[PDB]
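Scroll down for the structure; my scribbles are underneath it.
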2 protein chains.
Amino acid sequence: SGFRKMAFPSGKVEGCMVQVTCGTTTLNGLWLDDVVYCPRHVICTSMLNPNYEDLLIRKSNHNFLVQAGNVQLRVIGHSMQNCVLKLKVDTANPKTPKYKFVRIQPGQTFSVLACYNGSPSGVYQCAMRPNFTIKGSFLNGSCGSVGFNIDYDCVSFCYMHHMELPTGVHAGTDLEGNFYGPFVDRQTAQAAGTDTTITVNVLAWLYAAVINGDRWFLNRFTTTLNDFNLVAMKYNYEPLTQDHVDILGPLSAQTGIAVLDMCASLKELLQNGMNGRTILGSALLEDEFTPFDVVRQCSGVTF
Amino acid sequence: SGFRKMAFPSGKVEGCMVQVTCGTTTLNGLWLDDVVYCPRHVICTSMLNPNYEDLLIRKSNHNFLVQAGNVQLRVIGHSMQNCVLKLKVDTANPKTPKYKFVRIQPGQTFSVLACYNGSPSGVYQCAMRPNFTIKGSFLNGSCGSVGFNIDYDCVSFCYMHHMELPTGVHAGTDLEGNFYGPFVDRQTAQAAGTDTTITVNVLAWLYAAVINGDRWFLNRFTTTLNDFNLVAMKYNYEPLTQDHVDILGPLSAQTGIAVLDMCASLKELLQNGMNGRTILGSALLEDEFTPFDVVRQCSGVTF
Ligand SMILES: N#Cc1ccccc1-c1cc(-c2cc(Cl)cc(Cl)c2)c(=O)n(-c2cccnc2)c1
Ligand SMILES: N#Cc1ccccc1-c1cc(-c2cc(Cl)cc(Cl)c2)c(=O)n(-c2cccnc2)c1
């Protein structure tokens, strides 16, 4: 029993982290096979309106210093794919895991391995917000740190860190260099859009709570999907879809509580608050656990 | 910016996890050099009053099946140190990190690598509670999972998981087999004692909040250590010591807020609640971040 914000074991990713230096800028890169991936803004000198095509044409391989621990890797090629720089190196990473690159949907969670100067610092879990920012923990030097999920022994990379926005939340790309959200790797007035709460995740966490013995929020009522969504939109929650209801199926079956029954609990909680009580140690409704996350942690999958 | 419950990178520990099987019982072991450590209750058949001296005398080396991935390790010796079994194996772990064994004080935090059948599942952070339990996330099969801190590249192991108590919290030992708290590895009526909140940690997290721009709880007042402790004891908080005040020094200096000034804020928060506001994303006062944890994450140390 118990329920914690749990990240994936990070070792397979630690073995891929390197330091990329271009000029006076240093950040992190991801070394898989004979290629190092990193944010293309490593080539900028500080930026208002950079032309990265021009900036990269003016670089050579010798301008890129890649260090894996203390061993310097020799850069033998360099190209640009969207907002990611790919540096071909002359030796393949002997620690390359089985991996793939995936672009996730908002509401999905992943583990972040925060890194500085190519050295892992810490691991934590977060979600892709509906407004395509993440609420991470990132200091200067963290650019190029990656987010990932692990299935079997395959690492699915889904995030590379590029920027902190003015509100202190974070923006980045998939491993093909495409930003999540409307953001651009430049200094402009861009800001995080209005966010919403991830309804299906909140319901997943309520199921997690029941599995762990928190039942005080349950009630005898059921609601209709349409009438629940009426309340969801009023409290700035994402609409619940039949896809979401179907995804909550296995948890609904383990606990014997129908999805629309649990929706009636969430409506009550939104309308009345918790009256000084807590759920799984929280005084607010938690929305960064997916249904998969709840089953994984409350049933026990390993990697 | 940002502030997350951050665990240490787990890879150095993943390389040490193995499966120990004795009879029909399977759990996890920790393989360092040519020794595998695991909870001694792996030799029990289910237990009301086990005599582990008798139970171990009746075992041989061949009763212990140790698997590191798929490679079976040959057990060449077996002994008992307090509540931990030590199985000498015929090959040293090639992935042994620089390590040491430490026994921590209540209020200290560590990362847990939850494991099943020798395979890492997930990593999370927790604190040793004042009542010497931890609020972990542990399913059947998790015994022998370890907790640790990492400094430089040295892993300090401080917890091995032995038991879930009736309230769903967890009990275990240091890596020398000594339980934290009064617990015993037997089936009895033992229960978690009354817990308290870790005051110095709460203050550390309030400093973390200021560093991250949450200032609404600050005020012009200061309190005396004695008058603060008067309020602490009323709300079931641990007494604040001059050692604690001194430990909060560097954070007090970075923010320019005196410890006893911050204590006045905490008194106000205990007496009045938050009035619907949050701090670092929480609606309750968080107490599982040490002062070291705050400096590490708000300043940037790596390993
Ligand atoms: N690492 C690194 C680094 C190294 C040298 C120089 C600058 C950086 C950098 C650059 C950006 C940035 C910001 C914008 Cl608005 C647009 C663009 Cl293109 C890049 C940034 O956000 N951070 C950062 C800081 C804190 C948390 N998270 C990310 C650090
Ligand atoms: N693994 C494992 C395992 C394998 C085979 C048989 C039993 C176990 C076991 C044994 C104990 C236990 C409990 C008490 Cl009260 C006293 C003693 Cl000596 C041991 C236990 O608590 N768990 C457990 C369960 C859930 C979360 N965390 C810990 C699992």
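Numbered from 1 within each chain, the chains take letters A, B, ... in sequence-line order.
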Report task. Measure the acute angle between the ring planes of B:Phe183 and B:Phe179, then classify it against the limits of 30° and 60° as parallel, tilted or perpendicular. Result ->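 The rings of B:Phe183 and B:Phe179 stand perpendicular, inter-plane angle above 60°.
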Report task. Evaluate the ring planes of B:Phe8 and B:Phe148, with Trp represented by its six-membered ring, and classify them as parallel (under 30°), tilted (30 to 60°) or perpendicular (over 60°). Result ->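 It falls in the tilted class, 30° to 60°.
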Does the [X] side chain pair with the main chain of [Y], one donor and one acceptor, at a distance under 3.5 Å?
X        : Y        : result
A:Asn212 : A:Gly2   : yes
B:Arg129 : B:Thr196 : yes
B:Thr199 : B:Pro239 : no
B:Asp287 : B:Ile198 : yes
B:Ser121 : A:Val301 : yes
A:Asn93  : A:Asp33  : no
B:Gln190 : B:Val184 : yes
B:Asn131 : B:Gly193 : yes
A:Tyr207 : A:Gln254 : no

[atom1] ([X]) with more than 12 external heavy atoms under 6.0 Å:
X        : atom1 : value
B:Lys59  : NZ    : yes
B:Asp151 : CG    : no
A:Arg215 : CZ    : no

Close side-chain approach of [X] and [Y], heavy atoms under 4.5 Å:
X        : Y        : result
A:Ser137 : A:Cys126 : no
B:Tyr116 : B:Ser142 : yes
B:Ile134 : B:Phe110 : yes
A:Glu286 : A:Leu284 : yes
A:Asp153 : A:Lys12  : yes
A:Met262 : A:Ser252 : no
B:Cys16  : B:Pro97  : yes
A:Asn201 : A:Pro291 : yes

Report task. Under the side-chain contact (heavy atoms from CB on, under 4.5 Å) rule, what do A:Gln297 and A:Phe289 come out as? Steps first, then yes or no, please. Result -> CA-CA 10 Å; A:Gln297 190 179 163; A:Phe289 296 94; 4.3 Å; yes
Query raised in the report: Can A:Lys5 and A:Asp293 be said to form a salt bridge (charged side-chain N to carboxylate O under 4.0 Å, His left out), step by step?
Result: CA-CA 9 Å; A:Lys5 207 152 247 176; A:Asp293 293 338; over 6 Å; no
Query raised in the report: Does the pair B:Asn117 and B:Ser119 meet the rule for a side chain to side chain donor-acceptor pair (under 3.5 Å), with working shown?
Result: CA-CA 6 Å; B:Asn117 308 107; B:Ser119 193; over 6 Å; no
In Å, rounded to the nearest 0.5 Å, how long is the span from [atom1] of [X] to [atom2] of [Y]?
X        : Y        : atom1 : atom2 : result
A:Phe157 : A:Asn149 : CZ    : CG    : 11.0 Å
A:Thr222 : A:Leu260 : OG1   : CG    : 7.0 Å
A:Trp216 : A:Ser265 : CH2   : OG    : 9.0 Å
B:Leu73  : B:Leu65  : CG    : CG    : 9.0 Å
B:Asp185 : B:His41  : CG    : NE2   : 7.0 Å
B:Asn140 : B:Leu27  : CG    : CG    : 11.5 Å

Report task. I would like to know whether A:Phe3 and A:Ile211 meet side-chain contact (heavy atoms from CB on, under 4.5 Å); could you show each step before the answer? Result -> CA-CA 10 Å; A:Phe3 204 76; A:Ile211 293 173; over 6 Å; no
Which atom names give the shortest non-hydrogen contact between [X] and [Y], and what distance separates them?
X        : Y        : answer
B:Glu14  : A:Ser10  : OE2-N, 3.2 Å
B:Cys158 : B:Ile104 : CB-CG2, 3.6 Å
A:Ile150 : A:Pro9   : CD1-O, 3.3 Å
B:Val36  : B:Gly29  : CG1-CA, 4.0 Å
A:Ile279 : A:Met274 : CD1-CE, 3.9 Å
B:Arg4   : A:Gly136 : CG-C, 4.3 Å

Query raised in the report: When you check the gap from the basic side-chain N to the acidic O, do A:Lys135 and A:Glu288 get nearer than 4.0 Å?
Result: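 Salt bridge between A:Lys135 and A:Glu288, a charged N being under 4.0 Å from a carboxylate O: no.
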Query raised in the report: Any cation-pi pair here, A:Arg296 with A:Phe303, using under 6.0 Å and within 45°?
Result: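 So A:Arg296 doesn't make the cation-pi contact.
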Report task. Could you tell me whether B:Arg40 sits above the aromatic face of B:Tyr52, with NZ or CZ closer than 6.0 angstrom to the six-membered ring centre and within 45 degrees of the axis? Result ->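 The answer is yes; both the distance and angle limits are met.
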Report task. Please determine which of B:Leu87, B:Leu30, B:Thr26 meets the side chain to side chain contact (heavy atoms under 4.5 Å, CB included) test together with B:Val20. Result ->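 Testing B:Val20 for a side chain to side chain contact (heavy atoms under 4.5 Å, CB included) against B:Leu87, B:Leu30, B:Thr26 leaves exactly one candidate, B:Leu87.
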Show me the donor-acceptor pairs, under 3.5 Å and distance only, between side chains in residues 74-84 of chain B and residues at least two apart or in other chains.
{"residue": "B:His78", "atom": "ND1", "partner": "B:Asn61", "partner atom": "OD1", "Å": "2.7"}
{"residue": "B:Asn82", "atom": "ND2", "partner": "B:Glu176", "partner atom": "O", "Å": "2.8"}
{"residue": "B:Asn82", "atom": "ND2", "partner": "B:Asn178", "partner atom": "OD1", "Å": "3.2"}

Report task. Could you list the residues that satisfy side-chain hydrogen bond (donor to acceptor under 3.5 Å, both in side chains) with B:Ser60, not counting sequence neighbours? Result ->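 If we apply the side-chain hydrogen bond (donor to acceptor under 3.5 Å, both in side chains) test to B:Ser60, skipping adjacent residues, the hits are B:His62.
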Query raised in the report: Taking it one step at a time, do B:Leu240 and B:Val200 satisfy side-chain contact (heavy atoms from CB on, under 4.5 Å)?
Result: CA-CA 7 Å; B:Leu240 200 68; B:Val200 64; 4.2 Å; yes
Requested in this report: Mind running side-chain contact (heavy atoms from CB on, under 4.5 Å) on B:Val146 and B:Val13 for me, showing each step along the way?
Outcome: CA-CA 9 Å; B:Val146 291; B:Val13 178; 3.7 Å; yes
Which side-chain N or O atoms in residues 160-169 of chain B pair as donor and acceptor under 3.5 Å with protein atoms at least two apart or in another chain?
{"residue": "B:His161", "atom": "ND1", "partner": "B:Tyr159", "partner atom": "OH", "Å": "2.9"}
{"residue": "B:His162", "atom": "NE2", "partner": "B:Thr173", "partner atom": "OG1", "Å": "3.1"}
{"residue": "B:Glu164", "atom": "OE1", "partner": "A:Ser1", "partner atom": "N", "Å": "2.7"}
{"residue": "B:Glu164", "atom": "OE1", "partner": "A:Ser1", "partner atom": "OG", "Å": "3.2"}
{"residue": "B:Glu164", "atom": "OE1", "partner": "B:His170", "partner atom": "NE2", "Å": "3.0"}
{"residue": "B:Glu164", "atom": "OE2", "partner": "A:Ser1", "partner atom": "OG", "Å": "3.1"}

